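**Q**
2 protein chains.
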Amino acid sequence: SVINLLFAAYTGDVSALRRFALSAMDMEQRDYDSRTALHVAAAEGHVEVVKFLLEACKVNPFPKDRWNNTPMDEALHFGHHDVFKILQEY
Amino acid sequence: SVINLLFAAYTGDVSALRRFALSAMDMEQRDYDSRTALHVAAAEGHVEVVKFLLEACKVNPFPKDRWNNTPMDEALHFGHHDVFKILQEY
Ligand code: NA
Ligand code: NA
Ligand code: NA
């Protein structure tokens, strides 16, 4: 569910993301702005969420939102340098 | 539901927005990116949706999303001169 997934990313709720992924939720679904859970996590600087999505869920690391920004662009824009460097590995 | 609201604005579904507003839904509700129905409608150039939100629902014409953009900024970004003109009179 878009509401549940992207809000869980927004609040850093790794436990909820895990329940969703285990239940086979598509962790790459997008909202009306073409945003992903990874975009939102990276914009908030949620390191553990970003690592979970990338490593355990294998999500696309470079989705493009409606402004053509990637999660890495968002991390740099909002000052989350640790998240930025995590995404750099990809 | 903020996501139902914003998806209706995304697809230009004025009939759905009317049903929501009539049932006392808060039409100024924000998502995890601080986006409003008015932002999304303006980005998509949905003139009738924009005028319905402004004129019938009396929403704030200048909400600011996560990137500090207003619906007017989105109208401009996506080239919607017609939507820009509507917002300019506010
Ligand atoms: Na952090
Ligand atoms: Na800065
Ligand atoms: Na916030």
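Quick note, the sequences are listed as chains A and B, same order. All you need for this note's numbering is the position in the first sequence, starting with 1, plus 21. All you need for this note's numbering is the position in the second sequence, starting with 1, plus 21. For each residue, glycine too, the CB sits at the ideal point set by N, CA and C.
If contact is defined by three or more beta carbon pairs under 8 Å, each pair taking one atom from either stretch, is the segment 74 to 87 of chain A in contact with the segment 70 to 79 of chain B?
**A** The answer is no - the segment 74 to 87 of chain A does not touch the segment 70 to 79 of chain B, with fewer than three Cβ pairs under 8 Å.
**Q** Helix, strand or coil for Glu76 of chain B per DSSP?
**A** Along the second sequence, read from residue 1 onward, the residue named residue 76 of chain B stands at position 55. Residue state, collapsed to three classes: helix.
**Q** Does the beta-carbon of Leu27 of chain A have 16 or more other beta-carbons within 10 angstroms, so that it is buried, or is it exposed?
**A** What you label residue 27 of chain A is simply residue 6 of the first sequence in a count that begins at 1. Counting Cβ neighbours within 10 Å, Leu27 of chain A comes out buried, since at least 16 surround it.
**Q** Going by Cα to Cα distance, which pick from A:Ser55, A:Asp54, A:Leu75 is closest to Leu38 of chain A?
**A** For the purposes of this step, residue 38 of chain A is identified with residue 17 of the first sequence, where counting begins at 1. The residue among A:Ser55, A:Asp54, A:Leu75 with its C-alpha nearest the C-alpha of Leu38 of chain A is A:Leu75.
**Q** Give a yes or no on whether 8 Å exceeds the smallest Cβ distance from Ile24 of chain B to chain A.
**A** Translated into the one-based positions of the second sequence, residue 24 of chain B becomes position 3. Chain A contact via Cβ: present.
**Q** Any heavy atom of ligand 1 inside 7 Å of the beta-carbon of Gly66 of chain A?
**A** For the purposes of this step, residue 66 of chain A is identified with residue 45 of the first sequence, where counting begins at 1. Yes, ligand 1 has a heavy atom inside 7 Å of this Cβ.
**Q** Let me know the secondary structure DSSP gives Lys106 of chain B once reduced to three states.
**A** Counted from its first residue, the second sequence places residue 106 of chain B at position 85. In the structure shown, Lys106 of chain B sits in a helix (DSSP, three-state: H, G or I).
**Q** Near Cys78 of chain B, what residues of its chain come up, given a Cβ to Cβ distance below 6 Å and the 5 sequence neighbours on each side ignored?
**A** Along the second sequence, read from residue 1 onward, the residue named residue 78 of chain B stands at position 57. Excluding positions up to five away in sequence, the list reads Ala42, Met48.
**Q** With a threshold of 7 Å (Cβ to nearest heavy atom), would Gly100 of chain A be considered close to ligand 2?
**A** Translated into positions along the first sequence, residue 100 of chain A becomes position 79. Yes - ligand 2 has a heavy atom lying nearer than 7 Å to the Cβ of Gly100 of chain A.
**Q** Straight-line CA distance for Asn90 of chain A to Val104 of chain B?
**A** In the first sequence, residue 90 of chain A corresponds to position 69, counting from 1. In the second sequence, residue 104 of chain B corresponds to position 83, counting from 1. Spanning the two alpha carbons is a distance of roughly 24 Å.
**Q** Please decide whether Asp54 of chain A counts as near chain B, where near means a Cβ-Cβ distance under 8 Å.
**A** On the first sequence, position 33 is the one that residue 54 of chain A refers to. Yes, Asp54 of chain A lies at the interface with chain B (some Cβ there is under 8 Å from its Cβ).
**Q** So, with DSSP's three-state summary, where would you put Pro82 of chain A?
**A** Within the first sequence, residue 82 of chain A is the residue found at index 61, counting from 1. Coil at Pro82 of chain A, not helix or strand.
**Q** Here's the rule I'm using: 16 or more other beta-carbon atoms within 10 Å means buried, otherwise exposed. How should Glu110 of chain A be labelled?
**A** The residue given as residue 110 of chain A occupies position 89 in the first sequence. The residue in question, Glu110 of chain A, is exposed, as its Cβ has fewer than 16 Cβ neighbours within 10 Å.
**Q** By how many angstroms is the C-alpha of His67 of chain B removed from the C-alpha of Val61 of chain B?
**A** Position 40 of the second sequence holds residue 61 of chain B. Position 46 of the second sequence holds residue 67 of chain B. Rounded to the nearest angstrom, the two C-alpha atoms are 9 Å apart.
**Q** Could you give the distance in angstroms between the alpha-carbon of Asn25 of chain A and the alpha-carbon of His101 of chain B?
**A** Reading the first sequence from its first residue, position 4 is the one you call residue 25 of chain A. Reading the second sequence from its first residue, position 80 is the one you call residue 101 of chain B. The alpha-carbon atoms of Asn25 of chain A and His101 of chain B are separated by roughly 31 Å.
**Q** Using the Cβ count rule (16 or more neighbours within 10 Å means buried), how would you classify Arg40 of chain B?
**A** Position 19 of the second sequence, counted from the start, is the residue given in the question as residue 40 of chain B. Its Cβ having fewer than 16 others within 10 Å, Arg40 of chain B is exposed.
**Q** Output, in sequence order along the chain, the residues in the segment 61 to 74 of chain A whose CB is closer than 7 Å to any CB in chain B.
**A** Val61, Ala64
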